[PDB]
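Data first, discussion second: the structure below is written as structure tokens.
Written out as structure tokens, the structure reads:
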């Protein structure tokens with residue numbers, strides 16, 4: 001009918017409103033853990049950055076990007092894709108590590124002469140040292156990344172708990188350390204091959220942080236999207252409700268006419 | 011001062029004296045120290061903030077006096094429960111299994129960890 | 171409220187509590203109840219009668235009966251007939267309570283009548299003068315002036331909402347006519363919260379004017395708390413603000429407190445201490461499962477410790493700072509056990 | 341239609357949307373009933389189509405989730421994959 | 008081998027006690043996989 | 240039935256089928272009588288006609304008669320005045336639902352859509368009542384959680400919630416009683432389970448004593464003895 005077809009579509013809209021509401025609340029819960037990890041991680045990262053900066057942080072190229080297996084992370088997947096897309100015009104033949112399925116789909120579209128490594132099982136898990144270490148271990152051998160001048164990693168810097176800004180930063184090669192000369196304002200002889208150790212160490216130390224920053228933005232986006240959805244569904248609820256009410260009146264009238272006619276005869 | 015950090019936590023990130033197990037042997041840092049990079053090895057670490065000293069089991073990291081005399085120590089996870099015999103039993107079995115079974121790095125770790133554990 | 175949610179059960183509870191007041195000497199406190207069983211099958215009313223007899227309520231109760239079989243003229247004139255019985259009491263200056271249950275079945279009888287006289291059936295095929303019919307009845311419920319010997323015929327009409335639609339023509343009309351509504355919520359009933367009252371969709375316009383002062387003091391707070399609890403209902407979907417989480421705990425304990433097992437009224441002198449405890453957040457700490465154990469125990473604990481206080485509270489009907497002080501202390505003592 | 345539904349010993353609802361979806365004939369199999377059911381069904385065909393209903397019923401639930409278009413439970417994707425076929 | 012893989016393996020080996031924090035147990039147990047790709054074309058994915 | 244109840248004095252078990260057909264019939268001859276049919280074409284005398292039938296069926300001092308009356312609810316709309324009017328007059332309602340039928344459960348009743356007047360706590364016995372409150376919650380938990388399990392995913396829910404779901408799935412298929420008269424509609428024989436036996440067996444399930452027994456080992460089998468036997472049967 002009108003009455004029933006309105007109502008079933010309206011019911012669909014109601015159920016969707018509810019699911020997106022529910023998801024949004026659960027998202028706030030998840031967001032807290034993500035952010036908490038990110039604080040401690042970021043504190044650690046800054047200390048590493050002190051070395052690279054004070055050393056002079058003077059460094071194809073590599074691109075690493077991160078967006079979870081999980082979707083309904085708002086437009087993280089495609090906003091990060093957009094800031095990537097710009098730099099796939101700056102290097103259409105960049106060697107891509109895609110951390111999680113959602114970014115993988117978008118980047119795969121942007122240039123499929125790039126994709127060499129991708130990492131599954133990312134999204135579900137919150138950032139963890141084990142993962143960072145394993146990704147790092149495969150990365151050096153497989154991608155020869157340090158060989159390519161400049162490494163850059165893309166992540167989403169979690170600007171506010173209502174926003175996400177896609178961001179990139181440069182991971183530093185063994186080269187960065189090598190020809191930066193205020194590396195000499197740190198002292199080691201040859202008793203440690205500090206480039207060969209530290210590069211490997213900072214591959215993870217930066218990456219884990221990047222993932223933490225990303226994860227907080229990801230969950231923040233999920234919350235944002237799911238909130239706005241509840242609103243959009245609400246608007247549609249109201250529109251079909253008014254129609255329902257009018258339709259109800261019409262049914263009453265049509266029945267009433269039948270009765271009137273009957274009484275008349 | 012000392013900044014001793016973890017990804018998920020922070021341990022000290026005005027620590028007076030730190031005794032550190034380094035790829036430079038063992039290094040001790042007090043206040044202004046010579047401006048160094050030494051890789052922090054898998055370690056049993058003593059950190060003293062004042063004279064009070066606390067002893068840590070750490071799954072290694074990096075140690076760095078900055079040229080602004082800030083000892084950035086970064087490590088990635090681990092106590093004294095960890096020392097407690100149960101680890102030794104498990105590790106003895108696991109070390110043996112690894113002996114029979118990249119394998120070089122693994123086996124080196126089983127032994128290294130056995131040493132690292134003994135250090136606690 | 172919704173059909174067969176024991177609408178009659180909610181009503182019957184009021185009647186039972188009127189036994190306590192009935193025993194009481196003042197004849198305003200003697201509300202001589204009239205239950206008007208409309209369209210209700212004789213077996214059902216027999217059970218009603220039997221239950222009333224079990225609770226020895228048949229001696230202030232009057233049951234005007236127009237059963238399912240009873241003819242549509244009888245049904246039509248049944249509330250009017252009932253009202254006249256009430257007039258003797260009202261005229262005698264006494265107070266009484268007439269419960270018309272359910273005017274929805276009265277409506278159907280009028281529909282049958284109108285159609286049989288071939289008068290056109292009004293909106294929703296329920297006769298056009300149904301508004302007029304119901305209104306004629308419903309303004310006989312009135313508290314007369316003191317020159318008319320301060321008396322009354324309190325009324326509590328019961329309307330059956332077929333799908334819960336208060337939008338339905340007979341509900342909308344009746345809502346307009348009356349001065350307050352209590353709208354029981356089917357979900358709450360299903361979730362075993364009996365009373366199943368939908369707090370938002372219940373209003374009384376007279377309201378707190380006709381509220382015991384003691385109970386007013388200790389349950390102004392309750393209204394506000396529940397308001398927050400409603401908003402924080404959806405917060406039950410978790411990491412929550414500490415304030416929100418506290419509200420959720422306080423609110424849940426309150427919801428359980430306002431459960432009252434069907435067919436067991438409570439005394440006002442025992443309503444007021446319990447709500448005070450909740451207001452002071454004493455009950456918040458007590459585990460949800462142990463709320464029930466707490467309640468009965470607390471009442472006995474109060475009864476043993478200070479039925480001097482309870483009787484004083486009952487008879488004063490007000491809660492003085494000294495009584496509320498003692499109550500906070502008493503609650504603390506009980507809370508310890 | 342109400343009157344006839346009562347009278348009849350089956351209802352064979354068709355669905356227009358599904359006609360467009362390309363089931364042609366499109367039988368609205370959820371509302372398609374044989375009130376007294378089966379006793380005039382080929383014995384072989386009784387055996388084979390035994391869980392056709394169960395799969396489809398699961399498919400209906402699964403389809404609702406699938407049209408929320410989120411990442412799916414693996415069990416649901418067994419259903420989904422079979423269901424499509 | 009990666010220095011941090013060496014450190015990682017050490018963290019895992021130290022758990023051979028396990029009487030410690032939950033965040034560690036999660037930080038050392040991952041069921042995650044990884045998908046090799048080439049130029053689009055997919056060399057087979059394998060558990061991380 | 241009255242002759243049996245009264246004159247033969249015996250108790251009876253009346254059965255009527257389908258009383259919506261009685262409604263339709265009455266609607267038609269109302270119209271024909273010129274008594275203009277009321278709402279949704281249903282006679283204005285529907286209520287009083289129902290009343291005469293229904294009041295006639297009762298427990299007198301002459302006898303006792305238990306009517307089981309089938310009703311067809313047009314297009315499953317019970318807000319329609321004719322089913323709704325009947326809904327009031329009947330003592331012990333049950334609603335048979337298609338979904339549950341499709342799940343294969345025989346009977347097809349949606350038990351969260353079934354309400355019998357006898358359900359009062361002491362009346363059905365405190366243990367029975369308490370068990371029944373728990374069953375209702377357990378099944379209700381599965382239904383409420385069904386949306387969460389569906390979109391958010393099964394496993395994201397609490398372990399406690401998941402155990403309640405697992406019990407509910409076992410209970411759900413412990414509702415499945417293969418029927419003797421569905422030795423032609425399923426081939427599988429009936430189960431006649433005593434009241435006490437049912438209370439006990441359902442109580443056990445709730446206690447989680449048979450959460451080591453598969454969901455499908457409750458499916459289309461009787462009581463606890465049968466449930467165990469089919470657990471063994473599947474195991475074998």
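Residue numbers (PDB author numbering), protein chains in the order written: chain G, 1 to 59, 71 to 276; chain H, 11 to 23, 26 to 90, 92 to 97, 99 to 115, 118 to 136; chain A, 171 to 407, 410 to 509; chain C, 341 to 425; chain I, 8 to 23, 27 to 49, 53 to 61; chain D, 240 to 475. For every residue, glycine included, the Cβ atom is placed at its ideal position computed from N, Cα and C.
Where do the N-terminal and C-terminal ends of the beta strand (DSSP E) with residue i fall, by residue?
| i | result |
| --- | --- |
| residue 60 of chain H | 55-61 |
| residue 29 of chain H | 29-34 |
| residue 370 of chain A | 367-374 |
| residue 64 of chain H | 64-70 |
| residue 78 of chain H | Taken as a continuous stretch (DSSP letters only), residue 78 of chain H belongs to no beta strand (DSSP E), as it is neither H nor E. |
Roughly how many angstroms lie between the CA atoms of residue i and residue j, to the nearest whole one?
| i | j | result |
| --- | --- | --- |
| residue 60 of chain G | residue 188 of chain G | Missing here is residue 60 of chain G: after 59, the next number in chain G is 71. |
| residue 103 of chain H | residue 16 of chain I | 18 angstroms |
| residue 343 of chain D | residue 460 of chain D | 12 angstroms |
| residue 253 of chain A | residue 307 of chain A | 8 angstroms |
| residue 20 of chain H | residue 48 of chain I | 39 angstroms |
| residue 264 of chain A | residue 377 of chain A | 21 angstroms |
| residue 235 of chain G | residue 28 of chain G | 10 angstroms |
| residue 431 of chain A | residue 365 of chain A | 6 angstroms |
| residue 130 of chain H | residue 101 of chain H | 9 angstroms |
| residue 364 of chain D | residue 428 of chain D | 31 angstroms |
| residue 201 of chain G | residue 192 of chain G | 16 angstroms |
What does a CB cutoff of less than 6 angstroms around residue i pick up in its chain, not counting 5 residues either side in sequence?
| i | result |
| --- | --- |
| residue 75 of chain G | 108 and 164 |
| residue 294 of chain A | 339 |
| residue 503 of chain A | 449 and 454 |
| residue 380 of chain D | 403 |
| residue 349 of chain C | 375 and 376 |
Give me, in chain order, the residues of the same chain whose beta-carbon lies closer than 7 angstroms to that of residue i; leave out the 5 immediate sequence neighbours on both sides.
| i | result |
| --- | --- |
| residue 352 of chain D | 334 and 336 |
| residue 352 of chain A | 367 and 372 |
| residue 265 of chain D | 282, 285 and 288 |
| residue 470 of chain D | 452, 453 and 456 |
| residue 405 of chain C | 412 and 416 |
Kindly indicate the opening and closing residues of the alpha helix (DSSP H) around residue i.
| i | result |
| --- | --- |
| residue 341 of chain A | 339-347 |
| residue 518 of chain A | The requested residue 518 of chain A is not part of the displayed model; chain A covers only 171 to 509. |
| residue 269 of chain D | 258-272 |
| residue 115 of chain G | 112-121 |
| residue 285 of chain D | 285-295 |
| residue 243 of chain A | 242-261 |
| residue 38 of chain H | Premise fails: residue 38 of chain H lies in the beta strand (DSSP E), 37-42, not in any alpha helix (DSSP H). |
| residue 406 of chain A | Neither: residue 406 of chain A is in no alpha helix (DSSP H) and is coded neither H nor E. |
Here's a check: name, in chain order, each residue in its chain whose Cβ is nearer than 8 angstroms to the Cβ of residue i, leaving out the five neighbours to either side.
| i | result |
| --- | --- |
| residue 205 of chain G | 188 and 199 |
| residue 408 of chain D | 381 and 454 |
| residue 349 of chain D | 334, 335, 336, 338 and 339 |
Just grab the DSSP bridge partners of residue i for me.
| i | result |
| --- | --- |
| residue 39 of chain G | Answer is none; residue 39 of chain G lacks a bridge partner. |
| residue 168 of chain G | G/176 |
| residue 182 of chain G | G/162 |
| residue 98 of chain G | Per DSSP, none; premise fails for residue 98 of chain G. |
| residue 282 of chain A | Answer is none; residue 282 of chain A lacks a bridge partner. |
| residue 351 of chain A | A/373 |
| residue 369 of chain D | Paired residues: none, contrary to the question. |
Answer yes or no: do residue i and residue j have a C-beta to C-beta separation smaller than 8 angstroms?
| i | j | result |
| --- | --- | --- |
| residue 95 of chain G | residue 118 of chain G | yes |
| residue 409 of chain A | residue 218 of chain A | Coordinates for residue 409 of chain A are simply not present: the residues of chain A run from 407 and resume at 410. |
| residue 7 of chain G | residue 255 of chain G | yes |
| residue 313 of chain D | residue 342 of chain C | yes |
| residue 507 of chain A | residue 463 of chain A | no |
| residue 70 of chain G | residue 104 of chain G | Shown without residue 70 of chain G, the model has chain G running from 59 straight on to 71. |
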